[PDB]
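Everything below concerns the one structure shown next.
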Amino acid sequence: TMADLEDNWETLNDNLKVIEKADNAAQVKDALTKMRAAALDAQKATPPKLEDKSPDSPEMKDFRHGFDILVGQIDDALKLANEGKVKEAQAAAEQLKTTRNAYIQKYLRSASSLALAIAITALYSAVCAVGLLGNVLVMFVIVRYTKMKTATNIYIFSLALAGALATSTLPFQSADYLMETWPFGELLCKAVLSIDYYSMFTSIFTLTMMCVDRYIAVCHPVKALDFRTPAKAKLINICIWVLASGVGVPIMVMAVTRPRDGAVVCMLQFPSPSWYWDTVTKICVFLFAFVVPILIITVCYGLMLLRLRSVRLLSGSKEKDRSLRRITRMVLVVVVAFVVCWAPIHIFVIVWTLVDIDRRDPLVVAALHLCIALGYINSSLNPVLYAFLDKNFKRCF
Amino acid sequence: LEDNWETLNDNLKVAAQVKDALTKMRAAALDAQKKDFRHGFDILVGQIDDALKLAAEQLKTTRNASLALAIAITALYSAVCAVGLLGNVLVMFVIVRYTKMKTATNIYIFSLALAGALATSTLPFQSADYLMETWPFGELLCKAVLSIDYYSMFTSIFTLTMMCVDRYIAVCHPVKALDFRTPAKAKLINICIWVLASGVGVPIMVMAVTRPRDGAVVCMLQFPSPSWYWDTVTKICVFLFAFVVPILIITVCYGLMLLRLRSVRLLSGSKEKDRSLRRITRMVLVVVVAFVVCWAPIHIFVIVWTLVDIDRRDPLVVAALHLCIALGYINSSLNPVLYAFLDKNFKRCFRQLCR
Ligand SMILES: CCN(CC)C(=O)c1ccc([C@H](c2cccc(O)c2)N2C[C@@H](C)N(Cc3ccccc3)C[C@@H]2C)cc1
Ligand SMILES: CCN(CC)C(=O)c1ccc([C@H](c2cccc(O)c2)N2C[C@@H](C)N(Cc3ccccc3)C[C@@H]2C)cc1
């Protein structure tokens with residue numbers, strides 16, 4: 001793979017400065033031995049530049065020739081380290097730094113992915129500050145000003161609570177992207193992994209229920225006068241936050257910090273066979289937190305347009321039918337926004353599971369982190385936008 | 001009214017049908033006006049009356065004569081704040097904990113990063129003022145924010161300009177640079193930059209005031225009588241001394257460095273330490289092009305605002321202004337030298353093969 005070639009090319013150049021940092025033959029011999037093996041494995045590989053040229057093409061033959069010169073010089077540098085002379089062995093490494101440039105550098109050029117790390121940090125920070133602060137502000141004015149006397153004010157509070165918890169994880173996973181390791185420990189690993197998943201389910205299901213509530217509001221207004229009670233709305237939202245703890249507790253149970261290649265990882269320890277229960281969870285979060293919520297909201301929309309076509313067919317009120325047609329166009333906004341924000345990451349987790357895509361590629365990292373953010377955007381912007389566009393809410397500002 | 005504005009635009013897309021829509025639109029406009037806002041509906045009803053006698057286009061333009069935008073601006077300023085503020089603090093920390101400022105350039109980068117971090121530390125207050133349109137933080141925090149904004153503008157620009165002068169002496173006069181580019185000498189220059197710019201800091205902090213303007217609270221500069229004069233003076237000064245002068249110095253440095261590079265390419269001959277100086281000369285061009293692209297927009301905008309009476313409420317004007325303000329913040333916080341220092345010290349972490 002390209003990964004192996006990338007890793008070997010790194011060890012070679014890493015063990016090249018270890019010779020400078022070496023003070024005794026013990027360190028000098030160790031670096032040259034690692035460099036030798038790494039060069040021999042790198043000549044077996046294919047450069048990105050020549051990923052289209054014959055294994056017996058002239059460009060391919062020169063690539064491998066450079067490593068033959070390199071190994072040759074390593075062998076000469078090793079004999080001086082074996083003799084116990086660190087002056088000549090350290091000086092032979094100068095001839096090695098020139099050889100990698102003069103023959104192999106032509107085929108193995110690298111670019112600094114600092115520009116991308118900034119763009120990602122920028123996306124996640126803007127999504128965090130807009131989300132987290134926006135939702136806290138929504139929650140505050142639903143408490144201090146427009147006290148939750150209406151059913152909608154309770155659904156928006158629930159949505160904004162779920163949205164604020166969702167974005168409160170971003171600083172930690174934004175840190176993990178930058179340092180590649182999890183420094184916060186198992187207690188904060190269990191706290192972050194659980195809140196992420198739990199706030200995903202509570203945010204989607206109150207959003208879905210909020211669409212059901214507007215369906216009852218539009219289609220059954222005479223019956224809605226009894227269902228859309230703030231006491232009834234409180235029950236539904238409590239059940240949503242109670243129910244989703246069937247995702248919260250299990251994730252919090254298996255969230256663990258484990259060491260991988262010297263670094264620390266915050267992952268999910270699925271029971272044996274992990275790869276099966278991983279797949280189960282994946283097939284479940286796709287059906288429950290995507291497929292089912294879309295069908296419910298789509299059905300609400302379909303019935304809302306159908307039972308507004310019935311009011312239209314009667315040809316009664318021109319003003320009342322147009323007012324309710326606005327609410328039916330916003331449930332379409334909600335479902336199109338939901339799909340455009342959630343399908344990317346749901347597709348990603350499917351293709352990641354099956355297809356082996358190089359997790360290190362800059363285009364793959366830009367696409368993945370843009371998909372992760374899109375999901376955060378849908379749950380942190382849905383309560384903020386509904387609120388600041390709600391007439392009664394706009395007033396208490 | 002929200003409902004009236006809806007009915008006005010609803011029938012607007014709708015002779016029996018044409019007369020019916022205009023009659024409903026007329027009544028709706030008359031109820032919505034129930035002033036520059038009340039005058040617009042008088043123009044609208046007038047055109048509806050002309051459309052009733054019979055273009056259904058002269059009405060769509062008149063009604064034109066906000067949440068989505070406020071979010072986009074909040075997003076820009078929050079991303080510019082977190083990238084700037086955290087990025088500069090990280091640069092300052094590395095300079096202390098690792099590189100230890102033994103070199104003259106490291107002292108210049110510390111100065112730049114200190115100025116950059118102060119610049120972005122004002123964004124949360126200026127981002128709040130945009131959202132609520134009023135200044136709630138009071139005069140004490142008005143004087144503190146307005147002064148830091150201007151002071152960190154001058155210290156950031158002059159630190160950056162002097163750094164280009166330092167790189168000119170390094171390249172063009174290497175024999176003389178051996179005695180000038182001393183870390184003790186670099187400390188003096190940067191102390192003088194932060195001492196000198198208090199000639200902008202103190203005066204702004206002196207006239208920064210909170211006063212009730214348009215029913216709300218504003219954080220502005222109370223220029224001495226005649227206000228309009230001293231406003232213009234300050235504007236012609238920050239344009240010249242904080243844009244024209246820093247560009248000319250850096251451009252001249254580049255131009256002269258470019259010549260010394262053409263001398264070295266033939267007199268010195270074949271060398272790796274010669275292509276090394278060509279890197280510094282390409283770096284100063286990056287710095288000046290970045291400086292112009294980031295600063296010309298807001299410098300052009302403050303000129304136009306002074307003369308042309310542009311609609312301060314228009315969404316296109318608000319999008320342009322806040323994008324210009326942010327661009328200036330971007331140059332001082334996410335500077336090309338700060339990008340290069342972080343590319344230098346964190347190379348093995350970000351460098352990866354061109355797959
Ligand atoms: C190895 C790379 N991958 C895989 C593509 C990931 O890093 C990755 C891991 C977990 C998620 C995870 C998720 C998404 C879709 C299906 C699924 O099985 C799991 N997400 C992690 C993160 C993107 N969450 C964001 C969120 C949005 C709204 C409310 C709460 C949380 C949502 C969710 C728990 C996404 C990406
Ligand atoms: C009424 C609308 N305007 C006018 C266009 C403004 O709000 C406005 C007010 C002050 C500024 C001010 C500035 C810019 C250019 C010429 C000038 O006379 C004043 N700026 C305010 C803000 C944009 N500053 C950002 C900054 C960047 C880098 C380092 C420190 C501060 C820089 C500067 C003090 C810019 C816009």
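By convention here, the chains of the structure tokens are called A, B, ... in the order presented, each chain's residues are numbered starting at 1, and ligands are numbered starting at 1 in the order presented.
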Quiz item: If we count only C-alpha atoms, what is near residue 116 of chain B at a cut-off of 9 Å, once residues fewer than 3 positions away on the same chain are taken out, given as a PyMOL selection string?
Solution: chain B and resi 84-85+88+111-113+119-121+152-153+156+329+331-335
Practice problem: Pull out every residue of chain A sitting within 10 Å of chain B, counting only C-alpha atoms, and send them as an NGL selection string. | Solution: :A and (2-3 or 5-7 or 9-10 or 14 or 47-49 or 51 or 108-119 or 121-131 or 134 or 178-180 or 319 or 322-323 or 326 or 358 or 360-363 or 381 or 384-385 or 388-389 or 391 or 397)
Exercise. Could you give me the residues within 8 Å of ligand 2, counting only C-alpha atoms and all ligand atoms, as a ChimeraX atom specification?
Key: /B:115-116,118-120,146,148-154,156-157,234-239,295,298-299,301-306,312,321,324-333
Quiz item: Using only C-alpha atoms and all ligand atoms, which protein or nucleic acid residues are at most 8 Å from ligand 1, as a ChimeraX atom specification?
Solution: /A:162-163,165-167,193,195-201,203-204,281-286,342,345-346,348-353,359,368,371-380
Produce a file of the selected residues containing N, CA and C atoms, as a CSV table (one decimal), in the first residue's frame.
```
chain,number,residue,atom,x,y,z
A,162,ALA,N,-30.8,19.3,23.6
A,162,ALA,CA,-30.1,18.3,22.8
A,162,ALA,C,-29.0,18.8,21.9
A,163,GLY,N,-29.3,20.0,21.3
A,163,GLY,CA,-28.4,20.7,20.4
A,163,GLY,C,-27.1,21.2,21.1
A,165,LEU,N,-25.9,20.1,24.1
A,165,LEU,CA,-25.1,19.0,24.5
A,165,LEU,C,-24.3,18.4,23.4
A,166,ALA,N,-24.8,18.4,22.2
A,166,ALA,CA,-24.2,17.8,21.0
A,166,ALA,C,-22.9,18.6,20.7
A,167,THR,N,-23.0,20.0,20.6
A,167,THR,CA,-21.9,20.9,20.4
A,167,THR,C,-20.9,20.9,21.5
A,193,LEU,N,-18.4,10.2,24.6
A,193,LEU,CA,-19.0,9.2,23.6
A,193,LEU,C,-20.5,9.0,23.9
A,195,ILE,N,-22.8,11.2,25.5
A,195,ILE,CA,-23.5,12.5,25.2
A,195,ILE,C,-23.6,12.7,23.7
A,196,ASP,N,-22.6,12.4,22.9
A,196,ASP,CA,-22.6,12.4,21.4
A,196,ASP,C,-23.7,11.6,20.8
A,197,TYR,N,-23.8,10.3,21.2
A,197,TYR,CA,-24.9,9.4,20.7
A,197,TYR,C,-26.2,9.7,21.3
A,198,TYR,N,-26.3,9.9,22.6
A,198,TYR,CA,-27.6,10.2,23.3
A,198,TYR,C,-28.3,11.5,22.8
A,199,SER,N,-27.5,12.6,22.6
A,199,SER,CA,-27.9,13.9,22.1
A,199,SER,C,-28.2,13.7,20.6
A,200,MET,N,-27.7,12.7,19.9
A,200,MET,CA,-28.1,12.5,18.5
A,200,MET,C,-29.5,11.9,18.4
A,201,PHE,N,-29.8,11.0,19.3
A,201,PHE,CA,-31.1,10.4,19.3
A,201,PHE,C,-32.2,11.3,19.9
A,203,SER,N,-32.2,14.5,19.9
A,203,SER,CA,-32.3,15.7,19.0
A,203,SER,C,-33.2,15.3,17.8
A,204,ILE,N,-32.9,14.0,17.2
A,204,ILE,CA,-33.7,13.6,16.1
A,204,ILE,C,-35.1,13.3,16.5
A,281,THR,N,-25.0,-2.3,15.6
A,281,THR,CA,-25.2,-0.9,16.0
A,281,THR,C,-25.3,0.0,14.8
A,282,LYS,N,-24.4,-0.2,13.8
A,282,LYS,CA,-24.4,0.6,12.6
A,282,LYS,C,-25.7,0.5,11.8
A,283,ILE,N,-26.2,-0.8,11.6
A,283,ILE,CA,-27.5,-1.1,10.9
A,283,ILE,C,-28.7,-0.6,11.7
A,284,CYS,N,-28.5,-0.4,13.0
A,284,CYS,CA,-29.5,0.1,13.9
A,284,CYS,C,-29.6,1.6,13.9
A,285,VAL,N,-28.5,2.3,14.1
A,285,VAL,CA,-28.5,3.8,14.1
A,285,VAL,C,-28.9,4.3,12.7
A,286,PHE,N,-28.7,3.5,11.7
A,286,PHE,CA,-29.2,4.0,10.3
A,286,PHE,C,-30.7,3.9,10.2
A,342,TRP,N,-27.7,14.7,7.1
A,342,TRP,CA,-27.5,13.4,7.7
A,342,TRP,C,-27.1,12.3,6.7
A,345,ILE,N,-22.9,11.6,6.2
A,345,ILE,CA,-22.2,10.8,7.3
A,345,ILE,C,-22.8,9.4,7.4
A,346,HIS,N,-24.1,9.2,7.1
A,346,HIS,CA,-24.7,7.8,7.2
A,346,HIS,C,-24.2,7.0,6.1
A,348,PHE,N,-21.2,7.6,4.6
A,348,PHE,CA,-19.8,7.4,5.0
A,348,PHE,C,-19.5,6.3,5.9
A,349,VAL,N,-20.3,6.1,7.1
A,349,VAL,CA,-20.1,5.1,8.0
A,349,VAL,C,-20.4,3.7,7.4
A,350,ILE,N,-21.2,3.6,6.3
A,350,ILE,CA,-21.5,2.4,5.5
A,350,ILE,C,-20.3,2.0,4.7
A,351,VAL,N,-19.8,2.9,3.9
A,351,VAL,CA,-18.6,2.7,3.0
A,351,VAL,C,-17.3,2.5,3.8
A,352,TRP,N,-17.2,3.1,5.0
A,352,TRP,CA,-16.0,3.0,5.8
A,352,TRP,C,-16.0,1.5,6.3
A,353,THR,N,-17.2,1.0,6.7
A,353,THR,CA,-17.4,-0.4,7.2
A,353,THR,C,-16.9,-1.4,6.2
A,359,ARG,N,-7.6,6.4,5.1
A,359,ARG,CA,-8.0,7.3,6.2
A,359,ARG,C,-7.0,8.4,6.3
A,368,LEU,N,-14.8,13.7,5.2
A,368,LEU,CA,-15.2,13.1,6.5
A,368,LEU,C,-15.6,14.2,7.5
A,371,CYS,N,-18.6,16.1,6.7
A,371,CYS,CA,-19.8,15.3,6.8
A,371,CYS,C,-20.2,15.2,8.3
A,372,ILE,N,-19.2,15.1,9.2
A,372,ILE,CA,-19.4,15.1,10.6
A,372,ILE,C,-20.0,16.4,11.1
A,373,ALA,N,-19.5,17.5,10.5
A,373,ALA,CA,-19.9,18.9,10.9
A,373,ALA,C,-21.4,19.1,10.4
A,374,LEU,N,-21.7,18.6,9.2
A,374,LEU,CA,-23.1,18.7,8.6
A,374,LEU,C,-24.2,18.2,9.6
A,375,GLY,N,-23.9,17.0,10.2
A,375,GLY,CA,-24.7,16.4,11.2
A,375,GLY,C,-24.9,17.3,12.4
A,376,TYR,N,-23.8,17.9,12.9
A,376,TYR,CA,-23.8,18.8,14.0
A,376,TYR,C,-24.6,20.0,13.7
A,377,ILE,N,-24.5,20.5,12.4
A,377,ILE,CA,-25.2,21.7,11.9
A,377,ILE,C,-26.7,21.5,12.0
A,378,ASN,N,-27.2,20.3,11.5
A,378,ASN,CA,-28.6,20.0,11.5
A,378,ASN,C,-29.2,20.0,12.9
A,379,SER,N,-28.5,19.5,13.9
A,379,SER,CA,-29.1,19.5,15.3
A,379,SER,C,-28.9,20.7,16.1
A,380,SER,N,-27.8,21.5,15.8
A,380,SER,CA,-27.6,22.8,16.5
A,380,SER,C,-28.3,24.0,15.9
```
Quiz item: So how many Å separate atom CA of residue 139 of chain B and atom CA of residue 127 of chain B, to one decimal?
Solution: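 It comes out at 17.1 Å.
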